[PDB]
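S.K.: Just passing along the structure, written as structure tokens.
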């Protein structure tokens, strides 16, 4: 749940802060967090949605890191970031929906969907950052 | 010959200095980060008196103070200017002080009426010049005569008046506000000692020095590897582990009071009865058994484990004494410390020469690439509990990973540390001495069993040796500061099993532990290497990031990476593979810049344009407007064809024009007299001749652009018409408006303002910076006879 929230928060920050012409100093920490997220998620397969009419979605992560060398962000940087952000946002939305439609009488506080169960492993705990909501 | 050729092919890709041992010197020459002290305030600007002119172009009777670059050496061309500012960034970083004590730079203020002092002598010169100037305000003069320093010795604080350009003040204030010195007290030194050595009862640590409150020190940057050189840098990691292995060899203690080599050799010869056998190699059996080999084995084992450098096993299969000793070696040394082929070969020799023949089992037909080692198969296939249990331990005695004080450490099984598992080995091989060896010839069987008993009957000595080896490893591992990453290296350290036999058969009961000074030296070398590694990473990342943010697209990061590797002191850069160099570049590009260097770069970046426009030898551009424009009236020139901005003109970037080589647009505009602004750092000719302006020579300087398709020779004319011109009468005695078709895009110098330049610089009155903290620790050791292990029992109990 903390890793899922951190993914969503990182993506929201990327959508709100990775904008054309912005100083790299405005995004440097965010770019580090985003690259950490990409590294952590790369090479992992996820499956979301086999309950009700929720479609089966398969997710593969093979993305390049964002650059750290610009002074102000330009169109190329924003386009690469936007493509990666779109894929990740779709993945996070599907994972959230898959988790929202499931319930358990025994351990209902624990994750129900297999995607969130996978995200609860130690290998994803690096993604975790600011939990302010 | 062929083997040497192939090994040379492999070694040419490893940046390890070929005389391995020489590396030690290179490792021990790395000193702590040199402490830099500022001797004078950092200045880019100085006040200078310049002549001024009335609106009619007549020189006035007074000069005016303006800020000018002390060293006006800016090059032409925008790219060259950005390179100049990168070089300025490097100069500032190298000359950046680690601390400042302003009292050192404080000098006497000549005009002070209250014994005033200022920092620095340049401020004194400026203040004297302003005091003597007739156009100075009386209030400013009285303040110079009354401004005072404040020295609070009880608080250890000093404030001094200074005159500085705002950029110079920014730099000096950053230096003053962000010094690297921290207060030093005995608690900090005590915590600087490794925590496991402070808890070891074999070492007595005392603090017999008093540190004044004015003591300072600079914290080493013991950040863990940001480049992850253990991952996907085979050659660099091979070099790193080789250097660590050499250092560890240097610090491993020497064994004392070893068994007499003559007595042990005669004993082994009598027991083995080799002469009575039919072994084709009768002499070679006991060769290599001596005290030198035993010491070399001790050093090699502990150093290899400390450096996590892979070891290869070199043995003659027919020498079953070597195999019997290798049984102990595999018992005590984790099996992941050996190259897989060597471990498999040694284990298969042990299985097919000793263990399976002992139990009458069919010789193992082991297959290379099997996920199981020969011992892992034997553990399942052997039913005897002694041998099977020893095999189980040997199979599962890999290093355990644990983080202590933020450092990853490879630690041993507790049964190795207390030496208890040797008993199991003894048990196992005692069983091997009772086995029938069904089909073996009886003399060879007797020789093997008597060798097994030779190792067996040294149970107490081997327990003592195992405890001593483990204790020495742990004590020297307390002194490691970089993560002990376990990787199978390209090259290995070759360990002779005859040296293992020497160590097993010659070790006595003389405990030898690292000296406290040896531990402190090892820890200091490790800290120095780690800090230098981190600092050079910071420097490389800073320069790469600055070059990228300065848009220095022709800069080769390869040179930066090579300089970084050279400053690491342990790489022969000529043998670094290119793929690894480029991977290093990529990983360095991803790291964030250290705060101090990044702040300095921000300062330089934000003040770049102001510094550039202060230069008197480059202009910021030239507008070619084929209409007649009146010469502006400027206090610094008289009449001058100066453009304050480029508004209203198409801009052609001269750097882009140079880089592309496409001169079609510029040529079309120059041919058709299309107004334009050529933008870029340009040298200009200062022309004071009115006749030159009438001759319109400023408009004659752009045809060479079309002719040569070059912009590096473009030198526009800047007119400076005033009463000092030889032909100024033409302006004065005739009715006309001096005009030109070209203007030079340049700025006017900033006037000196006393209120905007007078600052108070604050620092500490005095302190002493110390480098060797462990010099403040009085370290003694117990008698080796009384040295105990982690379990509070003596390391060697056979006494």
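Here Cβ is always computed from backbone atoms with ideal geometry, including for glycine, and neighbour counts include all displayed protein chains. What follows is calculated from the coordinates using simple rules that are stated; it is not laboratory data.
S.K.: List the number of the failed condition for residue A:77; all other conditions in (1) buried (at least 18 other Cβ atoms within 10 Å of the Cβ); (2) within 14 Å of another protein chain (Cβ to nearest Cβ); (3) without any contact (Cβ under 8 Å) to a residue 40 or more places away in the chain hold.
M.R.: (3)
Listed here are the residues, each with its yes/no results for (1) buried (at least 18 other Cβ atoms within 10 Å of the Cβ); (2) out of contact with any strand residue (DSSP E or B) (no Cβ under 7 Å at 6 or more places or on another chain); (3) in a loop (DSSP other than H, G, I, E, B); (4) touching a residue at least 24 places away in the same chain (Cβ under 8 Å).
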| position | (1), (2), (3), (4) |
| --- | --- |
| B:31 | no, yes, yes, yes |
| B:40 | no, yes, yes, yes |
| B:47 | yes, no, no, yes |
| B:79 | yes, yes, no, yes |
| B:83 | no, yes, no, yes |
| B:113 | no, yes, yes, yes |
| B:125 | no, yes, no, no |
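S.K.: Here's another thing I want to ask about it. Residues being within 14 Å of chain B (Cβ to nearest Cβ) and touching a helix residue (DSSP H, G or I) at 6+ places or on another chain (Cβ under 8 Å): count how many of those fall in region A:2-24.
M.R.: The total comes to 1.
S.K.: Report whether or not residue A:31 is assigned to a helix (DSSP H, G or I), within 14 Å of another protein chain (Cβ to nearest Cβ) and more than 11 Å from the chain's Cα centre (by Cα).
M.R.: Details: assigned to a helix (DSSP H, G or I): yes; within 14 Å of another protein chain (Cβ to nearest Cβ): yes; more than 11 Å from the chain's Cα centre (by Cα): yes.
Criteria met by residue A:31.
S.K.: Right, another one. Please work out if residue B:220 is over 24 Å from the mean Cα position of the chain (by Cα) and either touching a residue at least 40 places away in the same chain (Cβ under 8 Å) or in a loop (DSSP other than H, G, I, E, B) (or both).
M.R.: no
S.K.: I would also like to ask the following. Being within 14 Å of chain A (Cβ to nearest Cβ) and more than 17 Å from residue B:237 (Cβ to Cβ) narrows it down to one of B:477, B:505, B:557, so name that one.
M.R.: Values: B:477 fails: within 14 Å of chain A (Cβ to nearest Cβ); B:505 fails: within 14 Å of chain A (Cβ to nearest Cβ).
Residue meeting the stated conditions: B:557.
S.K.: Restricting attention to region B:570-622, which residues are under 19 Å from the mean Cα position of the chain (by Cα), buried (at least 18 other Cβ atoms within 10 Å of the Cβ), more than 14 Å from chain A (Cβ to nearest Cβ) and assigned to a loop (DSSP other than H, G, I, E, B)?
M.R.: B:570, B:571, B:576
S.K.: Before we move on, is residue A:66 surrounded by fewer than 19 Cβ atoms within 10 Å (Cβ to Cβ), part of a loop (DSSP other than H, G, I, E, B) and either within 14 Å of chain B (Cβ to nearest Cβ) or in contact with a helix residue (DSSP H, G or I) (Cβ under 9 Å, 6 or more places away or on another chain) (or both)?
M.R.: Numbers: surrounded by fewer than 19 Cβ atoms within 10 Å (Cβ to Cβ): no; part of a loop (DSSP other than H, G, I, E, B): yes; either within 14 Å of chain B (Cβ to nearest Cβ) or in contact with a helix residue (DSSP H, G or I) (Cβ under 9 Å, 6 or more places away or on another chain) (or both): yes.
Judged against the criteria, residue A:66 is not a match.
S.K.: Same structure again: Might you let me know whether region B:536-547 holds any residue that is touching a residue at least 12 places away in the same chain (Cβ under 8 Å), surrounded by fewer than 20 Cβ atoms within 10 Å (Cβ to Cβ), within 11 Å of another protein chain (Cβ to nearest Cβ) and more than 16 Å from the chain's Cα centre (by Cα)?
M.R.: No - not one qualifying residue is present in region B:536-547.
S.K.: Suppose the filter is touching a helix residue (DSSP H, G or I) at 6+ places or on another chain (Cβ under 7 Å), assigned to a helix (DSSP H, G or I) and either more than 14 Å from chain B (Cβ to nearest Cβ) or in contact (Cβ under 8 Å) with a residue 24 or more places away in the chain (or both); does residue A:47 pass it? Reasoning before the result, please.
M.R.: Details: touching a helix residue (DSSP H, G or I) at 6+ places or on another chain (Cβ under 7 Å): yes; assigned to a helix (DSSP H, G or I): no; either more than 14 Å from chain B (Cβ to nearest Cβ) or in contact (Cβ under 8 Å) with a residue 24 or more places away in the chain (or both): yes.
In short, no.
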